[PDB]
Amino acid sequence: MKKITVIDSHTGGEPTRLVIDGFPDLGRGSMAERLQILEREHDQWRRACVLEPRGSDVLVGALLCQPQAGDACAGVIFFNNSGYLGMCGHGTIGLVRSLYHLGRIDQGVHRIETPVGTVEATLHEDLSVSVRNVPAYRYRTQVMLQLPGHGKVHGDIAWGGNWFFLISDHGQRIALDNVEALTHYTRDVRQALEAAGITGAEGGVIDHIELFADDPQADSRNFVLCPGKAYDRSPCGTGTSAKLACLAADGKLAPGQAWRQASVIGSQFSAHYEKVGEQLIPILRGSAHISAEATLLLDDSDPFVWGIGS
């Protein structure tokens, strides 16, 4: 009956469902203001779009919006199985590659509005996309955490467009064949954070957990638990952004130096940061590929028209 028109893509294995038509009107405010309206009045639509049966727990959605600023090519709101994101590095790369597929933009530099500020994406001749993210920073370093299964760990708390807890001394094996244990470990970590009342700046909920390890073919490999407990198949743009701020603050990466980040499934991003005054600006480069052109159909007779689950 009701139709939602989408372009599905993935960035290093992590899917983006770009909604290009069919969602409710959210007005003409900022992306942040539109997010509030989307969540308050139309959250069932998020659930229809990305939850089973028409989506999956893994899926991240991106609502295409007309931006406020005249020099912006687009605005976007990102969401997942549990709620709403801030920025989304993999999804921005997906958005830009999808706009190109639609013939709406060409190669070159594009400004994209998001609920956490405007980012600048460059669509290259090889169709990869560089994202100049919002500023990233470390809020707290080596925060101690007691994990009943494993004992103490230390993690950094940092902002890369979403809030992250970053751990290196976890002692877990990071590989696709181990995502079940990795998922349980990171869930135990988030539980420990909540118990100890640990947050980011201004009580920011730390809803992403990332583990880092050495890799024979990159600078690092990671595992990232997302807010709704799915893992990120990509190297995580905002998560890697947070990582750059931590490396920089520890004296381990200077402006302009390349950092290659592999994901739990082996996909890679390249990144570096620039300094503009006091601010650290992460720049991520990766590729998205188109997965499908789809029209979701919302049957009013379907008991699960607005999604399965709690």
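When you see a residue number, it is the position in the sequence shown, counting from 1.
Asks: Tell me which of 226-234 and 152-160 has the higher mean C-alpha B-factor in the deposited entry.
Replies: Averaging CA B-factors over each stretch, the winner is 152-160.
Asks: Where do the C-alpha atoms have the higher mean temperature factor in this entry, in 129-137 or in 175-183?
Replies: The stretch with the larger average C-alpha B-factor is 175-183.
Asks: For the listed 89, 216, 115, 200, which has the peak Cα B-factor recorded in the PDB entry?
Replies: Across 89, 216, 115, 200, the entry lists the biggest C-alpha B-factor for 216.
Asks: Quick one: which of 120, 207, 210, 169 has the biggest Cα B-factor according to the entry?
Replies: Of the candidates given, the C-alpha B-factor peaks at 169.
Asks: Splitting the chain's C-alpha B-factors into thirds, which one does residue 94 fall into?
Replies: Tercile = lowest for this residue's CA B-factor.
Asks: Hey, what third does residue 286 fall into on Cα B-factor, ranked over its chain?
Replies: Ranked within chain, residue 286 CA B lands in the middle tercile.
Asks: Lowest, middle or highest third: where is residue 25 by Cα B-factor in its chain?
Replies: It falls in the top third of the chain.
Asks: Can you tell me whether residue 14 has a C-alpha B-factor in the lowest, middle or highest third compared with the other modelled residues of the same chain?
Replies: For residue 14, the deposited C-alpha B-factor lands in the lowest third.
Asks: Within this chain, which third does the Cα B-factor at residue 44 fall in: lowest, middle or highest?
Replies: It falls in the bottom third of the chain.
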